[PDB]
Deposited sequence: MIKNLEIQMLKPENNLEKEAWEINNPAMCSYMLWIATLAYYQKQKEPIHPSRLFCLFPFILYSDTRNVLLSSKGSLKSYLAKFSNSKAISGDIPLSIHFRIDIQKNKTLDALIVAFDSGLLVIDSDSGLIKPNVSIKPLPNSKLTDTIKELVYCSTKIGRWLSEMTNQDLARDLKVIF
């Protein structure tokens, strides 16, 4: 089923691209998942977790990354940012999916990632952010996924 209502479009509001920006959250949130710790999560498991590659207040604190997801969420919750509620929006930003997750995954269903030399200042930044996200979900379990992402799926 198609993803844009033909010529009955309100406006071209898809700056977030459903088939061009993300496939499995730029398709390299499962390649880094296979790279760090091999767990499949392909046939039925859920990628509708972290569309903060699709938010320009959290994608900026993901370029400066540590090496664990809990450290990133702790870097959300200090006095440098005066924040911490937006980690709890993993709970909120998947109900109606304003970030168009679970819609920008139909187009997805192992060739190399496109190299960092072809920068374009946004696409490779989101590729790095989503590889960080994909390698950070391989170190956690489902109870950990409900624990540190603060969700009740």
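Trainee: Could you name the stretches of the deposited sequence that have no C-alpha atoms in this structure?
Mentor: Missing CA coords at 1 to 7, 117 to 134.
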